[PDB]
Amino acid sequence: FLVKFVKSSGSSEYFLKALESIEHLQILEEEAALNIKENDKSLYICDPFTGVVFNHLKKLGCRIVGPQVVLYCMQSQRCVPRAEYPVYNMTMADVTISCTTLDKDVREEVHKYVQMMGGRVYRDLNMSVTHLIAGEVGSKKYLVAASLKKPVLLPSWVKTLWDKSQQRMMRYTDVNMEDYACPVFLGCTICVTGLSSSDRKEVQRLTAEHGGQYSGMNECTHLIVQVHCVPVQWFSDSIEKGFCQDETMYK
């Protein structure tokens, strides 16, 4: 396929750096790109992904990609993603995400940024998913990803990978997963009964430390006993294994 670089205003330095790396490639001035009126099924390099030019080509249905994608794939045509949406860079190439327990609109934002960073997205948790994005613990997707020890990260991981990769070229491992891991008890309100005052204080502390809420029936999500009624072994195993445990396995 042909490659048409679209010179535009507001572009980053990576656009220029992509021109210094190239005959079947055309270099279009902004005006020549504004006079396009159809979709020639060629690859268009655009930078930025804002402005009347980019939205024009996008409206026509053109295959659009950022210069970071060029610096990533270089002369490999097969390396270029093959999708109906513009890909800005390849920060998330090889990442396949699914989401769980998120607001639908946030979910679709996540999907958007992942796809724009060269990643894949599925709505179910299939065997291709490499990362689970979660807004809180406890879901079927969550427990499954835990049992397989797949990373379960917060949405911010995607956001921080977008915002940062706007300026520089990077990959998804260039951020520490641990700093964006879903806390073991995020979304949980932990309540206790029949525990020594000391153990009680321990549950309080560890709950707050692992992203949960402590409250000393409508407010509780879990009830530690000597709503989910679980033994303390559920709490300690959740902390020890690094994931909220399946409560039905601790009844």
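We number the residues from 1 along the sequence you see.
Q: Unmodelled deposited residues between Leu16 and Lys17: none, 1 to 3, 4 to 9, or 10 or more?
A: Missing in between: none.
Q: Per the entry, where is the mean C-alpha temperature factor higher: 127-135 or 79-87?
A: In the deposited entry, the stretch with the higher C-alpha B-factor mean is 79-87.
Q: Could you check the entry and say whether 106-114 or 89-97 has the higher mean CA B-factor?
A: In the deposited entry, the stretch with the higher C-alpha B-factor mean is 106-114.
Q: Pick out which of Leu43, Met217, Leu206, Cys188 has the highest C-alpha B-factor in the PDB entry.
A: The record points to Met217.
Q: Check the PDB entry and point out which of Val184, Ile64, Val69, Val53 has the largest C-alpha temperature factor.
A: Answer, based on the entry's C-alpha B-factors: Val53.
Q: How does the C-alpha B factor of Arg120 compare with the rest of the chain: lowest, middle or highest third?
A: Ranked within chain, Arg120 CA B lands in the lowest tercile.
Q: Pull the Cα B-factor of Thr160 out of the PDB entry and bin it into the chain's lowest, middle or highest third.
A: Answer is lowest: the recorded C-alpha B-factor places it there.
Q: Divide the modelled residues of the chain into thirds by Cα B-factor and specify which third, lowest, middle or highest, holds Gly242.
A: Bottom third by C-alpha B-factor.
Q: What third of the chain does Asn176 rank in for C-alpha temperature factor, lowest, middle or highest?
A: Top third by C-alpha B-factor.
Q: Hey, what third does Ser21 fall into on Cα B-factor, ranked over its chain?
A: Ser21: CA B-factor falls in the highest third of its chain.
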